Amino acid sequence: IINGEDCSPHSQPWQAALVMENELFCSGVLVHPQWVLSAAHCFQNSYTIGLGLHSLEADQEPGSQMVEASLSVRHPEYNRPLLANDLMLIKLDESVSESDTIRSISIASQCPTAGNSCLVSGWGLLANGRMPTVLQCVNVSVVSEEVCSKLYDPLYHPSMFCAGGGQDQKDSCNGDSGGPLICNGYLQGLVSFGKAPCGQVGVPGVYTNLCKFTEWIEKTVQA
């Protein structure tokens, strides 16, 4: 997260850490007590998922859980066209007991609203190229479809939306993939892709447009 700050601790209790040999590589979002949503480009054959975190040291995080998952389902049209349909569902081996620090979030039914200010959180790179010790939060504002397509055609697809590109140089960055973009109290997007360096003025990042997938998500979770 570029030009953010430390999150208020446990203010994003849906945040999931996807770790590989004790190192974060992606985030995800708890959307049901047994399911984590993430970007399909974060796919692995198995996962170690941290819930209830702030720092990434579970042994210093009361209320946290490190849980295993084997099963994940990538959207069937992931990467056709290239970069599009970038979501997957991970089924936890067991349902988690939700608490004030581990809680699911509802997914937006309605499309993003151009201009609206949203929140993105993650443990990815800072403006100084270092990794943070605690979860970071930043606001970014949704860009119109007209601006997103002008910047990103021929790779813009409506499974995507753009946010950021302000004078404020606020953005997501590497290691933030799969984490949440929250708009008006609901999960609106997942961190997907963008340009490097991150935080360029006039260059918004690209997010998975989850309003397009609410039927696929509900059917996958119920099957």
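For clarity, a rigid core is taken as the largest C-alpha set superposing within 1.5 Å between two forms. Start at 1 with the first residue shown and count on from there.
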Would you mind working out which of 198-206 and 8-16 sits farther from this form in 5 other deposited structures of this protein by RMS C-alpha distance, with the rigid core as the fit? 198-206
Check the entry's C-alpha temperature factors for 81-89 and 126-134, then say which stretch has the higher mean. 126-134
135-143 versus 109-117 - which carries the larger mean C-alpha B factor in the record: 109-117
Which is it among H54, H41, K170, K195: the one with the largest CA B-factor in the entry? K195
Which third of the chain does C26 land in by C-alpha B-factor: lowest, middle or highest? lowest
Sorting by Cα B-factor within the chain, modelled residues only, which third would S159 end up in: lowest, middle or highest? lowest
In terms of the CA temperature factor given in the entry, to which third of its chain does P180 belong: lowest, middle or highest? lowest
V67: C-alpha B-factor third of its chain, per the entry, is the highest
When the deposited Cα B-factors of this chain's modelled residues are ordered and cut into thirds, is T48 in the lowest, the middle or the highest one? middle
